[PDB]
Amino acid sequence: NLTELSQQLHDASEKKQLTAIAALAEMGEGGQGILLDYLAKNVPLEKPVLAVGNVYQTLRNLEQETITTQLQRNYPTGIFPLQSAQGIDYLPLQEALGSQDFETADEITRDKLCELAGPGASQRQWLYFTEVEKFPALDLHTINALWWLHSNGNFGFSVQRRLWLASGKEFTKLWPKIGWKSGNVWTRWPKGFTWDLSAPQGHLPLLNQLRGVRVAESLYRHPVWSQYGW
């Protein structure tokens, strides 16, 4: 029933929107048309809205020529403003996420964080915790929004932060929860990681622990999360 499923999508219950979206996408032209109209009425986003990310990504994931063409033409930069306090280009990150190429997205994200930190970090290819503390909130919001919107809320530093808070800020409890350690065994980069949505909540983006937790803690304590309601 397309009418009733459309109504379910346009009602205000997030949980019921998500089941309606999944059903509509499998209902051919009529269902896909309802989803395309939902994007037209809700994109560009101002604030991240999970259901809108799910509509976009569900349609991309069909990998059908005409839908993909239409999405690229109407939403060439995706659904979320690609804003940066340093003029950085986040389109390649968006493109990797829209293709569900999470490994490429992780690599791009790591490079962009060094670019954001400046020439010293770009040169050495790793961060100091004080550089993280000084990141502009806007860039972290753009980066996180893309991860979250393109992963059904499963990925993003905001997701890790809330799991870290749920763990009493105990990093040794966080690592197993996000799949980065299994008992005594550290998940080996890159081959040990799960580069798809079967991964546990918070699995990506990665934060190497070779130089300790200081970068991750500074990232999770950054004012961006409270500022933007993450």
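Sequential numbering from 1, following the sequence displayed. The term rigid core refers to the most C-alpha atoms you can superpose between the two forms while keeping them within 1.5 Å.
Participant: Between 154-162 and 119-127, report the one with more C-alpha displacement in 5 other deposited structures of this protein relative to this form after a rigid core superposition.
Facilitator: It is 119-127 whose C-alphas lie farther from the shown form in 5 other deposited structures of this protein.
Participant: Report the stretch with the higher root mean square CA deviation, pooled over structures and residues in 5 other deposited structures of this protein, choosing between 178-186 and 62-70 after a rigid core fit.
Facilitator: With the rigid core fitted, 178-186 is the stretch that strays more in 5 other deposited structures of this protein.
Participant: Would you say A12 is commonly dropped, meaning unmodelled in a third or more of the other compared entries that have residues on each side of it?
Facilitator: Result for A12: often missing, at least a third of the compared entries.
Participant: Please work out which of 53-61 and 172-180 has the higher mean CA B-factor as recorded in the PDB entry.
Facilitator: So the stretch with the higher mean C-alpha B-factor is 172-180.
Participant: Comparing 22-30 with 161-169, which stretch shows the greater average C-alpha B-factor in the deposited entry?
Facilitator: 161-169 has the higher mean C-alpha B-factor.
Participant: Which third, lowest, middle or highest, does the CA B-factor of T142 fall in along this chain?
Facilitator: For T142, the deposited C-alpha B-factor lands in the lowest third.
Participant: What third of its chain's C-alpha B-factors does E95 belong to: lowest, middle or highest?
Facilitator: Lowest third - that is where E95 ends up once the chain's C-alpha B-factors are sorted.
Participant: Would you mind ranking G87 by its C-alpha B-factor against the rest of the chain and naming the third, lowest, middle or highest?
Facilitator: Middle third.
Participant: Which third of the chain does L219 land in by C-alpha B-factor: lowest, middle or highest?
Facilitator: For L219, whose C-alpha B-factor we compare with every modelled residue in the chain, the answer is the lowest third.
Participant: Quick check on the deposited entry: does the C-alpha B-factor of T109 sit in the lowest, middle or highest third of its chain?
Facilitator: It belongs to the lowest third of the chain when residues are ordered by C-alpha B-factor.
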